[PDB]
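Here is the structure we will look at.
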Amino acid sequence: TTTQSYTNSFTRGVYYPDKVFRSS
Amino acid sequence: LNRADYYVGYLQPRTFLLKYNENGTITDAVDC
Amino acid sequence: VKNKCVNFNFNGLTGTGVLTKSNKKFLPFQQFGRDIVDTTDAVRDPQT
Ligand SMILES: *[C@@H]1O[C@H](CO)[C@@H](O)[C@H](O)[C@H]1NC(C)=O
C-alpha cells in the first residue's frame, strides 16, 4: 500500500541544462 | 523483493539562475 | 596540429582560430565551453 502525505521539496532537483563548461 | 522514499515532483518551464563554481560545478540556485 | 592559424571544423563547429594546450577542468559530460557572452571558448578534442 501507500500514503499520500505532502511535504516540501525545499531547494532540490537541479540538473545541468546543457554540457558547456562555465566558471565564475 | 524482500524477506520512506518515492519523492515525485513535476517540472514546469521556469527561469532559473545557477551559480557556477570556478571548477565548473554548481553551488547555489534561485527560482525566479 | 597546434600553435598555428588553422581552419578548424571540430564536431561540425566551423571557424578559424589558433589552437593550443589549455588548463581547463572539463567535466566528463562536457564537450564545449563558452564565456559570459556566448562564444565558443574551449573544445574537448573528440579523438584526443
Ligand atoms: C579516438 O581517436 C583515435 C582515432 O584513430 C583512436 O585511435 C583513439 O583511441 C581515440 N582517442 C581517444 C582519446 O578516445
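We label chains A, B, ... in the order they appear in the C-alpha cells, count residues from 1 in each chain, and number ligands from 1 in the order shown.
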
Self-check item: Contacts of region 1-13 of chain B within 10 Å, only C-alpha atoms, excl. fewer than 5 positions in-chain, as a ChimeraX atom specification
Solution: /A:2,6-9,13

Self-check item: Protein and nucleic residues near ligand 1, 12 Å, only C-alpha atoms and all ligand atoms, as number ranges by chain
Solution: C: 44-48

Exercise. Determine which residues of chain A sit within 6 Å of chain C, taking into account only C-alpha atoms, and present them as a PyMOL selection string.
Key: chain A and resi 19-21

May I have the residues within 9 Å of residue 23 (chain A) as a CSV table (one decimal) with N, CA and C atoms, in the first residue's frame, using only C-alpha atoms and disregarding those fewer than 5 positions away in the same chain?
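For reference, out-v8.csv as written:
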```
chain,number,residue,atom,x,y,z
B,19,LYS,N,24.5,29.4,-9.9
B,19,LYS,CA,25.8,29.8,-9.5
B,19,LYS,C,26.8,28.8,-9.9
B,20,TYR,N,27.6,29.0,-10.9
B,20,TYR,CA,28.6,28.0,-11.3
B,20,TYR,C,29.9,28.3,-10.6
B,21,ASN,N,30.4,27.2,-9.9
B,21,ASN,CA,31.7,27.3,-9.2
B,21,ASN,C,32.8,27.5,-10.2
B,22,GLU,N,33.9,27.9,-9.7
B,22,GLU,CA,35.1,28.2,-10.5
B,22,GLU,C,35.6,26.9,-11.2
B,23,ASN,N,35.4,25.7,-10.5
B,23,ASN,CA,35.7,24.5,-11.1
B,23,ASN,C,34.8,24.0,-12.3
B,24,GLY,N,33.6,24.6,-12.3
B,24,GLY,CA,32.6,24.1,-13.3
B,24,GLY,C,31.4,23.5,-12.7
B,25,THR,N,31.3,23.3,-11.4
B,25,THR,CA,30.1,22.7,-10.7
B,25,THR,C,29.1,23.9,-10.5
C,35,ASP,N,31.8,31.5,-22.6
C,35,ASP,CA,32.1,32.5,-21.7
C,35,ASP,C,30.8,33.3,-21.4
C,36,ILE,N,31.0,34.4,-20.7
C,36,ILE,CA,29.9,35.2,-20.2
C,36,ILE,C,29.0,35.7,-21.3
```

Self-check item: Exercise: residue 3 (chain C) partners within 9 Å, only C-alpha atoms, chain neighbours under 4 positions left out, as an MDAnalysis selection string
Solution: chainID C and resid 18:21

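CA of residue 2 (chain C) sits 27.8 Å away from CA of residue 24 (chain A).
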
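CA of residue 17 (chain A) lies 23.5 Å from CA of residue 14 (chain C).
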
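Every residue of chain B with a DSSP assignment of strand (DSSP E), taken from the backbone, is listed as residues 16, 17, 18, 19, 20, 26, 27, 28, 29, 30 and 31 of chain B.
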
N, CA, C and O atoms of the current selection, written as a short mmCIF file (atom, residue, chain, number, x, y, z; two decimals), in the first residue's frame:
```
data_model
loop_
_atom_site.label_atom_id
_atom_site.label_comp_id
_atom_site.auth_asym_id
_atom_site.auth_seq_id
_atom_site.Cartn_x
_atom_site.Cartn_y
_atom_site.Cartn_z
N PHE B 16 15.50 29.80 -14.31
CA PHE B 16 16.37 29.56 -13.17
C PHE B 16 17.66 30.34 -13.34
O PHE B 16 18.00 30.77 -14.45
N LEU B 17 18.37 30.54 -12.24
CA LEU B 17 19.70 31.14 -12.26
C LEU B 17 20.61 30.31 -11.37
O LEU B 17 20.33 30.14 -10.18
N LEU B 18 21.69 29.79 -11.94
CA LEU B 18 22.57 28.85 -11.26
C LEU B 18 23.95 29.45 -11.08
O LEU B 18 24.55 29.97 -12.03
N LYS B 19 24.47 29.36 -9.86
CA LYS B 19 25.81 29.84 -9.54
C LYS B 19 26.82 28.75 -9.89
O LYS B 19 26.86 27.71 -9.23
N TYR B 20 27.62 29.00 -10.92
CA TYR B 20 28.63 28.04 -11.35
C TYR B 20 29.92 28.27 -10.58
O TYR B 20 30.48 29.38 -10.60
N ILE B 26 28.02 23.52 -9.76
CA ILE B 26 27.00 24.49 -9.37
C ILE B 26 26.83 24.43 -7.86
O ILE B 26 26.75 23.35 -7.28
N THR B 27 26.77 25.61 -7.23
CA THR B 27 26.77 25.74 -5.78
C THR B 27 25.48 26.32 -5.22
O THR B 27 25.05 25.93 -4.13
N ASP B 28 24.84 27.26 -5.93
CA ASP B 28 23.61 27.87 -5.47
C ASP B 28 22.67 28.06 -6.65
O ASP B 28 23.12 28.22 -7.79
N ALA B 29 21.37 28.01 -6.39
CA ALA B 29 20.36 28.27 -7.40
C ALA B 29 19.18 28.99 -6.78
O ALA B 29 18.82 28.74 -5.63
N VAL B 30 18.57 29.89 -7.55
CA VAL B 30 17.40 30.63 -7.12
C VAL B 30 16.31 30.44 -8.16
O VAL B 30 16.60 30.28 -9.35
N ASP B 31 15.06 30.39 -7.71
CA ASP B 31 13.93 30.33 -8.62
C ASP B 31 13.39 31.73 -8.86
O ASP B 31 13.32 32.55 -7.93
#
```
